[PDB]
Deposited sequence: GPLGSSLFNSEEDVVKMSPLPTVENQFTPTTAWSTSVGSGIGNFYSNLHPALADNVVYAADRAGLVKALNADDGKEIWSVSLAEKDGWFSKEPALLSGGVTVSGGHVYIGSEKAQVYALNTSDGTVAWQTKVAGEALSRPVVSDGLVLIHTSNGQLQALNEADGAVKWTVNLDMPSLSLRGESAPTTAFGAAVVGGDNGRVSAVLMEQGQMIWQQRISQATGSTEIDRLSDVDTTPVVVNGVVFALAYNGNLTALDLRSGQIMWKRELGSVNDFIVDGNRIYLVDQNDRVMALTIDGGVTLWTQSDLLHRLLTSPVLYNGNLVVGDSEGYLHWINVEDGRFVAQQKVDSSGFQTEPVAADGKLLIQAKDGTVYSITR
């Protein structure tokens, strides 16, 4: 039976530290969630499941504003918002989706609610903003586009039915006028941003916690099937270029001519971008329950359920550094942007990390 690997013994090549940390409510606790922080213009925006949202100065982590989104929703005077998908920031708005099928847009200036919209299903995946439009993929197989200005639904597209409960985020992505979205039925779809016109669909499944969010790089769509297989598709046609039948893949990123991934057992691998030949596999974190990986200052970084960050050399998969950060553990994604590394612990605490 599976068991967590021991903490690796690492001779630190450098000594990473915590720049600052700041509480954000009660976080996500032991609930599954995709909720993570956003960074824009030297401000960190982060939230908890209950409904608290904070803006923090990115240099010291001090609160700039806060807002509680919990509202009355029945007999009792207050109920949690169940914030899930997000946080996303664009154009002076902070966007967050909820398990109660609400999407909120907050002003970056002061945290006040600009608009709130009832969407077709649970909004468990991050809002994605493109061309004055907030794309929401609901857990119900719906893709909806909301106007950035007033939150009205401009168009809705049916991807397949809601009868399954796949753990794993499924955000849309956009490329050159089109949205591309994965799913639970094993199909990837491309639709035009203009009015939701379907361009193509492709099946990548046949017949666990997989992020089915597609990644488009230089005219190629990279996508995980709900069972963890990695496939590359032609962006224009949806034609399958290759498929790599790994027993499973949970999370991946694409950089240069490589794909870096974390599988269902927490092995970390580098593959070639063209056909994903396996350059190296690092298995010393087996069953430690990793986050998605990010690249930061040229290293691959992942967090684990015990609250460590692990820094990995992309050339050979070796560890170059290890740091203990937060005892409540790490489950959502680390965020690497604007020269900073941010990550939110399960109890809600947000960290900025210094290489």
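J.: In sequence order, what intervals of the deposited sequence carry no C-alpha positions?
T.: Residues lacking C-alpha coordinates: 1-13, 221-229.
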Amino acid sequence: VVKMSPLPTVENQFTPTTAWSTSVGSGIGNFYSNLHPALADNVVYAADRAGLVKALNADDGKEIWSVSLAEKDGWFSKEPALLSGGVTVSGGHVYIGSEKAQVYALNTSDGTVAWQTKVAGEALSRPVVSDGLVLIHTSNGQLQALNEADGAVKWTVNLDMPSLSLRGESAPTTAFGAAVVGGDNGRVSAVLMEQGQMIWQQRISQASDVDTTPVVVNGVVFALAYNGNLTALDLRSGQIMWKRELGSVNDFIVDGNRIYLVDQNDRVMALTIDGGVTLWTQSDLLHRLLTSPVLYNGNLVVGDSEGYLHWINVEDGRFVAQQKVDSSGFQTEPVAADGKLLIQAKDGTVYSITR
From here on, numbers count along this sequence of modelled residues.
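So that the term is clear: the rigid core is the largest set of C-alpha atoms that superpose within 1.5 Å between two forms.
J.: State which stretch is farther from the displayed form on average in 4 other deposited structures of this protein, 225-233 or 82-90, counting RMS CA distance after fitting on the rigid core.
T.: The more displaced stretch in 4 other deposited structures of this protein turns out to be 225-233.
J.: Do you reckon 182-190 or 115-123 strays further from the shown form in 4 other deposited structures of this protein, measuring C-alpha RMS after a core fit?
T.: Looking at 182-190 versus 115-123 in 4 other deposited structures of this protein, the farther one turns out to be 182-190.
J.: Looking at the deposited entry, does 279-287 or 136-144 carry the larger mean Cα B-factor?
T.: Comparing 279-287 with 136-144, the higher mean C-alpha B-factor belongs to 136-144.
J.: Using the B-factors recorded in the PDB entry, average over the C-alpha atoms of 189-197 and of 127-135, then report which stretch comes out higher.
T.: So the stretch with the higher mean C-alpha B-factor is 189-197.
J.: Between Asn107, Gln202, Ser84, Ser163, which carries the biggest CA temperature factor in the record?
T.: So the option with the highest C-alpha B-factor is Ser163.
J.: Which of these has the highest Cα B-factor in the record: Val89, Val215, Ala149, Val268?
T.: The record points to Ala149.
J.: Can you tell me whether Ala70 has a C-alpha B-factor in the lowest, middle or highest third compared with the other modelled residues of the same chain?
T.: Highest third, going by the recorded CA B-factors of the chain.
J.: Could you look up the Cα B-factor of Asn42 in the entry and say which third of the chain it sits in: lowest, middle or highest?
T.: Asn42: CA B-factor falls in the lowest third of its chain.
J.: Would you please rank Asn297 by its C-alpha temperature factor against the other modelled residues of its chain and give the third it falls in: lowest, middle or highest?
T.: CA B-factor rank for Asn297: middle third.
J.: If you rank the chain by CA B-factor, which third does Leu341 end up in: lowest, middle or highest?
T.: For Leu341, the deposited C-alpha B-factor lands in the lowest third.
J.: Sorting the chain's modelled residues by C-alpha B-factor, tell me whether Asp255 ends up in the lowest, middle or highest third.
T.: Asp255: CA B-factor falls in the middle third of its chain.
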